[PDB]
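Reproduced below: structure15.cif, with mmCIF, N, CA and C atoms.
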data_start
#
loop_
_atom_site.label_atom_id
_atom_site.label_comp_id
_atom_site.auth_asym_id
_atom_site.auth_seq_id
_atom_site.Cartn_x
_atom_site.Cartn_y
_atom_site.Cartn_z
N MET A 1 122.17 90.41 110.24
CA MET A 1 121.62 91.62 110.90
C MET A 1 120.69 92.36 109.93
N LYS A 2 119.43 92.03 109.94
CA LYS A 2 118.47 92.71 109.02
C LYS A 2 117.48 93.55 109.83
N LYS A 3 117.15 94.72 109.37
CA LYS A 3 116.19 95.58 110.12
C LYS A 3 115.90 96.84 109.31
N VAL A 4 114.99 96.76 108.37
CA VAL A 4 114.66 97.96 107.55
C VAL A 4 114.68 99.21 108.44
N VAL A 5 115.09 100.33 107.91
CA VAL A 5 115.13 101.57 108.72
C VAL A 5 114.02 102.52 108.26
N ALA A 6 113.70 102.51 107.00
CA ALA A 6 112.62 103.41 106.50
C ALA A 6 111.98 102.81 105.25
N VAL A 7 110.69 102.95 105.11
CA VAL A 7 110.00 102.39 103.92
C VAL A 7 108.85 103.31 103.52
N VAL A 8 108.92 103.91 102.36
CA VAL A 8 107.83 104.83 101.93
C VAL A 8 106.79 104.06 101.12
N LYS A 9 105.60 103.96 101.64
CA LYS A 9 104.52 103.25 100.91
C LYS A 9 103.44 104.26 100.53
N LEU A 10 103.24 104.50 99.27
CA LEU A 10 102.21 105.49 98.85
C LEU A 10 101.76 105.22 97.42
N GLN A 11 100.91 106.06 96.89
CA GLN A 11 100.43 105.87 95.49
C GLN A 11 100.92 107.03 94.63
N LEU A 12 101.67 106.74 93.60
CA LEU A 12 102.17 107.83 92.72
C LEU A 12 101.57 107.67 91.32
N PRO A 13 101.41 108.75 90.60
CA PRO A 13 100.84 108.70 89.23
C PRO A 13 101.78 108.03 88.23
N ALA A 14 101.33 107.00 87.57
CA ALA A 14 102.21 106.31 86.58
C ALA A 14 102.28 107.17 85.32
N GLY A 15 103.46 107.44 84.84
CA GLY A 15 103.59 108.28 83.61
C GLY A 15 103.13 109.70 83.91
N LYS A 16 103.59 110.27 85.00
CA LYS A 16 103.17 111.66 85.34
C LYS A 16 103.90 112.12 86.60
N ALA A 17 104.39 111.21 87.39
CA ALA A 17 105.11 111.61 88.64
C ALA A 17 106.29 112.51 88.28
N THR A 18 106.57 113.48 89.11
CA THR A 18 107.70 114.40 88.83
C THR A 18 108.56 114.53 90.09
N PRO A 19 109.77 115.02 89.94
CA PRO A 19 110.68 115.18 91.11
C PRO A 19 110.04 115.95 92.27
N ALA A 20 108.74 116.07 92.28
CA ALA A 20 108.06 116.79 93.39
C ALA A 20 106.80 116.03 93.81
N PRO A 21 106.95 114.79 94.21
CA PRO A 21 105.79 113.96 94.63
C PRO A 21 105.20 114.42 95.97
N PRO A 22 104.06 113.89 96.32
CA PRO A 22 103.40 114.26 97.61
C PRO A 22 104.29 113.93 98.81
N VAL A 23 105.40 113.28 98.57
CA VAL A 23 106.32 112.92 99.68
C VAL A 23 107.64 113.66 99.49
N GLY A 24 108.25 113.51 98.35
CA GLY A 24 109.55 114.20 98.09
C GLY A 24 110.39 114.25 99.37
N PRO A 25 110.39 115.36 100.06
CA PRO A 25 111.19 115.49 101.31
C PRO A 25 111.03 114.29 102.25
N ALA A 26 109.82 113.82 102.43
CA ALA A 26 109.62 112.65 103.32
C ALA A 26 110.19 111.39 102.66
N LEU A 27 110.65 111.51 101.45
CA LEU A 27 111.23 110.33 100.75
C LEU A 27 112.75 110.35 100.89
N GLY A 28 113.36 111.49 100.70
CA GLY A 28 114.84 111.57 100.82
C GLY A 28 115.27 111.07 102.20
N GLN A 29 115.22 109.79 102.42
CA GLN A 29 115.63 109.24 103.75
C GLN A 29 116.73 108.20 103.55
N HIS A 30 117.21 108.05 102.34
CA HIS A 30 118.28 107.05 102.08
C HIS A 30 119.55 107.76 101.63
N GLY A 31 119.44 108.68 100.71
CA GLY A 31 120.64 109.41 100.23
C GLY A 31 120.24 110.79 99.72
N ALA A 32 118.97 111.09 99.73
CA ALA A 32 118.51 112.43 99.25
C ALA A 32 118.47 112.43 97.72
N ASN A 33 117.73 111.54 97.13
CA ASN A 33 117.65 111.49 95.64
C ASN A 33 116.19 111.37 95.21
N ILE A 34 115.60 112.44 94.78
CA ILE A 34 114.17 112.39 94.35
C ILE A 34 114.08 112.01 92.87
N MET A 35 114.96 112.53 92.06
CA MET A 35 114.92 112.20 90.61
C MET A 35 115.13 110.69 90.42
N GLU A 36 116.30 110.20 90.74
CA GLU A 36 116.55 108.74 90.58
C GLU A 36 115.27 107.98 90.90
N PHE A 37 114.62 108.34 91.97
CA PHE A 37 113.35 107.67 92.35
C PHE A 37 112.34 107.84 91.22
N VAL A 38 111.91 109.03 90.97
CA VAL A 38 110.92 109.25 89.89
C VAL A 38 111.57 108.98 88.53
N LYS A 39 112.81 109.33 88.37
CA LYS A 39 113.48 109.06 87.06
C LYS A 39 113.21 107.61 86.68
N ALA A 40 113.66 106.68 87.48
CA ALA A 40 113.41 105.25 87.17
C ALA A 40 111.91 105.03 87.06
N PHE A 41 111.16 105.51 88.01
CA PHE A 41 109.68 105.35 87.95
C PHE A 41 109.21 105.74 86.55
N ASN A 42 109.24 107.01 86.25
CA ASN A 42 108.81 107.46 84.90
C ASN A 42 109.30 106.45 83.87
N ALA A 43 110.53 106.01 84.00
CA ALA A 43 111.06 105.01 83.03
C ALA A 43 110.06 103.86 82.90
N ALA A 44 109.72 103.23 83.99
CA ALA A 44 108.74 102.11 83.94
C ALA A 44 107.39 102.65 83.48
N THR A 45 106.89 103.65 84.14
CA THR A 45 105.58 104.23 83.75
C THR A 45 105.69 104.87 82.37
N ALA A 46 106.88 105.04 81.88
CA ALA A 46 107.06 105.65 80.53
C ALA A 46 107.09 104.53 79.48
N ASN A 47 107.57 103.38 79.85
CA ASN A 47 107.62 102.25 78.88
C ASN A 47 106.26 101.56 78.83
N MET A 48 105.56 101.52 79.93
CA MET A 48 104.22 100.87 79.95
C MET A 48 103.15 101.88 79.52
N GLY A 49 102.76 102.75 80.40
CA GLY A 49 101.73 103.76 80.04
C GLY A 49 101.42 104.63 81.27
N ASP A 50 100.29 105.29 81.27
CA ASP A 50 99.94 106.14 82.44
C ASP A 50 99.03 105.36 83.39
N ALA A 51 99.05 105.69 84.65
CA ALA A 51 98.19 104.95 85.62
C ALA A 51 98.59 105.32 87.05
N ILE A 52 98.26 104.48 88.00
CA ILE A 52 98.62 104.76 89.42
C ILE A 52 99.41 103.57 89.96
N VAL A 53 100.32 103.78 90.87
CA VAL A 53 101.10 102.63 91.39
C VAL A 53 101.41 102.80 92.89
N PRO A 54 100.98 101.88 93.73
CA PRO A 54 101.28 101.96 95.19
C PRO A 54 102.77 101.75 95.47
N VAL A 55 103.56 102.78 95.40
CA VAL A 55 105.02 102.61 95.65
C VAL A 55 105.25 102.00 97.03
N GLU A 56 106.31 101.26 97.15
CA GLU A 56 106.67 100.65 98.46
C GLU A 56 108.18 100.80 98.61
N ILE A 57 108.66 102.00 98.47
CA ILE A 57 110.12 102.26 98.56
C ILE A 57 110.66 101.79 99.91
N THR A 58 111.22 100.60 99.96
CA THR A 58 111.76 100.08 101.25
C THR A 58 113.20 100.55 101.43
N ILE A 59 113.40 101.61 102.17
CA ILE A 59 114.79 102.11 102.39
C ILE A 59 115.46 101.30 103.50
N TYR A 60 116.43 100.50 103.16
CA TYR A 60 117.12 99.68 104.20
C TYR A 60 118.29 100.48 104.78
N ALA A 61 118.62 100.24 106.02
CA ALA A 61 119.75 100.97 106.66
C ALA A 61 120.82 101.28 105.62
N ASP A 62 121.32 100.27 104.95
CA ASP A 62 122.37 100.51 103.92
C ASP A 62 121.80 101.39 102.81
N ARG A 63 121.08 102.42 103.17
CA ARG A 63 120.49 103.31 102.13
C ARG A 63 120.06 102.47 100.93
N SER A 64 119.34 101.41 101.16
CA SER A 64 118.89 100.55 100.03
C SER A 64 117.38 100.69 99.84
N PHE A 65 116.97 101.18 98.71
CA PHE A 65 115.51 101.35 98.46
C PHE A 65 115.02 100.21 97.56
N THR A 66 114.43 99.20 98.15
CA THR A 66 113.95 98.05 97.33
C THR A 66 112.43 98.16 97.14
N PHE A 67 111.98 98.14 95.91
CA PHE A 67 110.51 98.23 95.66
C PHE A 67 110.21 97.98 94.18
N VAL A 68 109.45 96.97 93.87
CA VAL A 68 109.11 96.72 92.45
C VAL A 68 107.66 97.13 92.21
N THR A 69 107.44 98.16 91.44
CA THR A 69 106.05 98.62 91.19
C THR A 69 106.00 99.39 89.87
N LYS A 70 104.98 99.15 89.09
CA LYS A 70 104.87 99.86 87.78
C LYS A 70 103.40 100.01 87.40
N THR A 71 102.77 98.94 87.01
CA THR A 71 101.32 99.00 86.64
C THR A 71 100.48 98.76 87.90
N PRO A 72 99.21 99.08 87.87
CA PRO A 72 98.31 98.89 89.03
C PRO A 72 98.69 97.66 89.88
N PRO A 73 98.21 97.60 91.09
CA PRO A 73 98.52 96.48 92.02
C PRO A 73 98.63 95.12 91.33
N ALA A 74 97.69 94.23 91.54
CA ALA A 74 97.74 92.86 90.92
C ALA A 74 98.79 92.80 89.80
N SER A 75 98.77 93.74 88.90
CA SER A 75 99.76 93.72 87.78
C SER A 75 101.19 93.72 88.33
N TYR A 76 101.41 94.33 89.47
CA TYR A 76 102.78 94.40 90.05
C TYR A 76 103.59 93.16 89.67
N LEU A 77 102.98 92.01 89.68
CA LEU A 77 103.72 90.78 89.28
C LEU A 77 102.83 89.93 88.39
N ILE A 78 101.54 90.16 88.41
CA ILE A 78 100.64 89.37 87.53
C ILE A 78 100.99 89.70 86.08
N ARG A 79 101.43 90.90 85.82
CA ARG A 79 101.80 91.26 84.42
C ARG A 79 102.82 90.25 83.89
N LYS A 80 104.03 90.31 84.38
CA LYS A 80 105.05 89.34 83.91
C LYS A 80 104.49 87.92 84.04
N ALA A 81 103.80 87.65 85.11
CA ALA A 81 103.22 86.29 85.29
C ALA A 81 102.14 86.06 84.23
N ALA A 82 101.47 87.10 83.83
CA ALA A 82 100.41 86.95 82.80
C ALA A 82 101.04 86.91 81.41
N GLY A 83 101.47 88.03 80.92
CA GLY A 83 102.10 88.07 79.57
C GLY A 83 102.07 89.50 79.03
N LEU A 84 101.65 90.43 79.84
CA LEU A 84 101.60 91.85 79.38
C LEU A 84 103.02 92.33 79.08
N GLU A 85 103.58 91.91 77.98
CA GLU A 85 104.96 92.35 77.64
C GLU A 85 104.90 93.68 76.89
N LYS A 86 105.04 93.65 75.59
CA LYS A 86 105.00 94.92 74.82
C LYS A 86 104.04 94.77 73.63
N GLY A 87 103.66 95.86 73.02
CA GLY A 87 102.72 95.78 71.86
C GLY A 87 103.13 94.62 70.95
N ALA A 88 104.41 94.37 70.83
CA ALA A 88 104.87 93.25 69.95
C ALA A 88 104.51 93.58 68.50
N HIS A 89 105.43 93.38 67.59
CA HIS A 89 105.14 93.68 66.16
C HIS A 89 104.07 92.71 65.65
N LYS A 90 104.08 91.50 66.12
CA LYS A 90 103.06 90.51 65.66
C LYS A 90 101.99 90.36 66.75
N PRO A 91 100.77 90.06 66.36
CA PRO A 91 99.67 89.89 67.35
C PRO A 91 99.98 88.82 68.40
N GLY A 92 99.72 89.10 69.65
CA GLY A 92 100.01 88.10 70.72
C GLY A 92 99.01 86.95 70.63
N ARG A 93 98.48 86.69 69.46
CA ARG A 93 97.50 85.58 69.30
C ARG A 93 96.68 85.42 70.59
N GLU A 94 97.16 84.64 71.52
CA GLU A 94 96.41 84.44 72.79
C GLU A 94 95.86 85.79 73.27
N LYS A 95 95.01 85.76 74.27
CA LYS A 95 94.44 87.04 74.79
C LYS A 95 95.47 87.73 75.68
N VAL A 96 95.72 88.99 75.45
CA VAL A 96 96.72 89.71 76.29
C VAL A 96 96.36 89.56 77.76
N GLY A 97 97.30 89.18 78.58
CA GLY A 97 97.02 89.01 80.03
C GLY A 97 96.45 87.61 80.29
N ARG A 98 97.31 86.66 80.56
CA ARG A 98 96.82 85.28 80.83
C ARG A 98 97.64 84.66 81.96
N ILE A 99 97.01 84.33 83.05
CA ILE A 99 97.75 83.72 84.19
C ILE A 99 97.20 82.32 84.44
N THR A 100 97.81 81.57 85.31
CA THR A 100 97.32 80.19 85.56
C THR A 100 97.12 79.99 87.06
N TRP A 101 96.12 79.23 87.43
CA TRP A 101 95.85 78.97 88.87
C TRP A 101 97.17 78.96 89.65
N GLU A 102 98.02 78.01 89.38
CA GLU A 102 99.32 77.95 90.10
C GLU A 102 99.91 79.35 90.22
N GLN A 103 99.86 80.12 89.17
CA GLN A 103 100.43 81.49 89.22
C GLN A 103 99.62 82.37 90.18
N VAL A 104 98.34 82.51 89.95
CA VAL A 104 97.54 83.37 90.87
C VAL A 104 97.70 82.86 92.31
N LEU A 105 97.69 81.57 92.50
CA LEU A 105 97.85 81.03 93.88
C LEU A 105 99.19 81.50 94.45
N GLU A 106 100.28 81.03 93.91
CA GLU A 106 101.61 81.46 94.43
C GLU A 106 101.61 82.98 94.58
N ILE A 107 100.88 83.67 93.74
CA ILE A 107 100.82 85.15 93.83
C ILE A 107 99.94 85.56 95.01
N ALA A 108 99.01 84.72 95.38
CA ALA A 108 98.11 85.05 96.51
C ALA A 108 98.73 84.59 97.82
N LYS A 109 99.10 83.34 97.91
CA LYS A 109 99.71 82.81 99.17
C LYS A 109 100.52 83.91 99.86
N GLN A 110 101.52 84.44 99.20
CA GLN A 110 102.35 85.51 99.83
C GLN A 110 101.49 86.75 100.09
N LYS A 111 100.39 86.87 99.39
CA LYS A 111 99.51 88.05 99.60
C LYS A 111 98.34 87.68 100.52
N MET A 112 98.49 86.64 101.29
CA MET A 112 97.38 86.23 102.20
C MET A 112 97.91 85.40 103.36
N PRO A 113 99.05 85.76 103.90
CA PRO A 113 99.63 85.00 105.04
C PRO A 113 98.58 84.70 106.12
N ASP A 114 97.59 85.54 106.24
CA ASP A 114 96.53 85.32 107.26
C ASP A 114 95.83 86.65 107.54
N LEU A 115 96.10 87.64 106.75
CA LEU A 115 95.49 88.98 106.98
C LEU A 115 93.97 88.88 107.09
N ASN A 116 93.25 89.28 106.07
CA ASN A 116 91.77 89.18 106.11
C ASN A 116 91.38 87.81 105.60
N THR A 117 92.17 87.33 104.70
CA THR A 117 91.91 86.02 104.07
C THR A 117 92.32 84.87 104.99
N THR A 118 92.80 83.80 104.41
CA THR A 118 93.20 82.62 105.21
C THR A 118 93.43 81.43 104.28
N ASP A 119 92.38 80.91 103.70
CA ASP A 119 92.52 79.76 102.78
C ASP A 119 92.98 80.26 101.41
N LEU A 120 93.42 79.38 100.55
CA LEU A 120 93.87 79.82 99.20
C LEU A 120 92.66 80.14 98.33
N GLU A 121 91.73 79.24 98.22
CA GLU A 121 90.53 79.50 97.38
C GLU A 121 90.14 80.98 97.48
N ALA A 122 90.11 81.51 98.67
CA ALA A 122 89.74 82.94 98.83
C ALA A 122 90.75 83.81 98.08
N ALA A 123 91.94 83.92 98.59
CA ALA A 123 92.97 84.75 97.90
C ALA A 123 93.07 84.30 96.44
N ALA A 124 93.09 83.01 96.21
CA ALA A 124 93.19 82.51 94.81
C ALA A 124 92.23 83.32 93.93
N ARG A 125 90.96 83.30 94.25
CA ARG A 125 89.98 84.07 93.44
C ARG A 125 90.37 85.55 93.46
N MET A 126 90.76 86.06 94.60
CA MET A 126 91.16 87.49 94.67
C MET A 126 92.20 87.78 93.60
N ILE A 127 93.10 86.85 93.37
CA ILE A 127 94.14 87.07 92.33
C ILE A 127 93.58 86.70 90.96
N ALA A 128 93.37 85.43 90.70
CA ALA A 128 92.81 85.04 89.38
C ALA A 128 91.73 86.05 89.01
N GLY A 129 91.00 86.50 89.99
CA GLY A 129 89.92 87.50 89.73
C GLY A 129 90.56 88.85 89.42
N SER A 130 91.32 89.39 90.35
CA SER A 130 91.97 90.70 90.09
C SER A 130 92.41 90.74 88.63
N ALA A 131 93.06 89.71 88.17
CA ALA A 131 93.50 89.67 86.76
C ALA A 131 92.26 89.64 85.86
N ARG A 132 91.31 88.80 86.18
CA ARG A 132 90.07 88.74 85.35
C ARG A 132 89.62 90.16 85.04
N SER A 133 89.51 90.99 86.05
CA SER A 133 89.08 92.39 85.82
C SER A 133 90.15 93.11 84.99
N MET A 134 91.40 92.87 85.30
CA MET A 134 92.49 93.53 84.53
C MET A 134 92.49 93.01 83.09
N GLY A 135 91.34 92.65 82.58
CA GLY A 135 91.29 92.12 81.19
C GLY A 135 92.01 90.78 81.13
N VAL A 136 92.88 90.53 82.07
CA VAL A 136 93.63 89.24 82.09
C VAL A 136 92.63 88.09 82.24
N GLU A 137 93.05 86.89 81.94
CA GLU A 137 92.12 85.73 82.06
C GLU A 137 92.87 84.53 82.65
N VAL A 138 92.19 83.71 83.40
CA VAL A 138 92.86 82.52 84.00
C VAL A 138 93.08 81.48 82.91
N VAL A 139 94.31 81.12 82.66
CA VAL A 139 94.60 80.11 81.61
C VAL A 139 94.52 78.70 82.21
N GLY A 140 95.07 78.52 83.37
CA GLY A 140 95.04 77.18 84.01
C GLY A 140 93.65 76.92 84.59
N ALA A 141 93.56 76.71 85.87
CA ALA A 141 92.23 76.46 86.49
C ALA A 141 91.37 75.63 85.53
N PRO A 142 91.78 74.42 85.27
CA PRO A 142 91.03 73.52 84.34
C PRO A 142 89.58 73.31 84.79
N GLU A 143 88.65 73.93 84.12
CA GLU A 143 87.22 73.77 84.50
C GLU A 143 86.97 72.31 84.90
N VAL A 144 87.07 72.02 86.17
CA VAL A 144 86.83 70.62 86.63
C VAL A 144 85.33 70.39 86.82
N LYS A 145 84.75 69.56 86.00
CA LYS A 145 83.29 69.29 86.12
C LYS A 145 83.07 67.82 86.48
N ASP A 146 82.50 67.06 85.58
CA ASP A 146 82.26 65.62 85.87
C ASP A 146 83.59 64.96 86.24
N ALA A 147 84.67 65.68 86.16
CA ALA A 147 85.99 65.09 86.52
C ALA A 147 86.12 63.71 85.87
#
File written out as structure tokens:
Amino acid sequence: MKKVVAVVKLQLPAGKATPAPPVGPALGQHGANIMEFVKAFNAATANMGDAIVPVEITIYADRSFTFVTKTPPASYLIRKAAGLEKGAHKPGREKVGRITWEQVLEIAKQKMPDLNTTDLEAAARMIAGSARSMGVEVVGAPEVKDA
């Protein structure tokens, strides 16, 4: 028996949101907890840095708020998929932010069931690209030329 009851989707300031977001009251729809929401948020936006994040607080009947969001969109999962971990005491040698075709694809497929896109090449570039702009770079995608 699955049937989400409430889901708050909006954009909150990373490393700046406070227990008084543009929703607040419109958010307390699971148990009435604004801090826990921003508390954890700030935690993520506090460990990474400042920015904006499209929250997707999915409040399930069982007062369950499921939503993974921290750095800008694409980063939502391209980060861990790329390598944006922490400053690291030693230089990350490789270029910070590196994903692979297979990664951007699997990351796009679910992000392109058939909305505006359709084929993978399209979404694929949308992802491998989104990262490209995010300073990230495609590690896989073996430049296939004379093959």
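Considering only C-alpha atoms, the residue among A:28, A:87, A:92, A:129 positioned nearest to residue A:107 is A:129.
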Nearest to residue A:62, restricted to only N, CA and C atoms and choosing among A:20, A:74, A:5, A:144, comes out as A:5
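Applied to this file, the PyMOL selection byres ((chain A and resi 63) around 6.5) selects the residues residues 29, 30, 31, 59, 60, 61, 62, 64 and 65 of chain A.
Evaluated against this file, the PyMOL selection byres (((chain A and resi 116-123 and name CA) around 12) and name CA) yields residues 74, 101, 102, 103, 104, 105, 106, 107, 108, 109, 110, 111, 112, 113, 114, 115, 124, 125, 126, 127, 128, 129, 130 and 141 of chain A.
You can rank A:139, A:35, A:134, A:96 by their closest distance to residue A:75 using only N, CA and C atoms, and at the top of that list sits A:134.
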Using DSSP on the backbone coordinates, identify the residues of chain A assigned to alpha helix (DSSP H); present them as a count of residues only.
40
The PyMOL selection byres (((chain A and resi 136 and name CA) around 9) and name CA) on the file shown: which residues, as number ranges by chain?
A: 78-79, 82-84, 95-99, 128-135, 137-138
Mind pulling up the distance from atom CA of residue A:33 to atom C of residue A:14?
19.0 Å
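Residue nearest residue A:58 within the list A:9, A:27, A:43, A:36: A:9 [criterion: smallest interatomic distance, only N, CA and C atoms].
Computed from the coordinates, the atom CA of residue A:72 to atom CA of residue A:52 distance equals 5.9 Å.
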In terms of only C-alpha atoms, the residue from A:11, A:4, A:147, A:100 at minimal distance from residue A:81 is A:100
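Counting from atom N of residue A:45, the distance to atom C of residue A:94 is 23.6 Å.
For the set A:142, A:19, A:73, A:25, the residue with the smallest atom-to-atom gap to residue A:39 is A:19, counting all atoms listed in the file.
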Per DSSP on the backbone, what are the strand (DSSP E or B) residues of chain A, as a ChimeraX atom specification?
/A:6-14,51-60,64-66,98-99,137-138
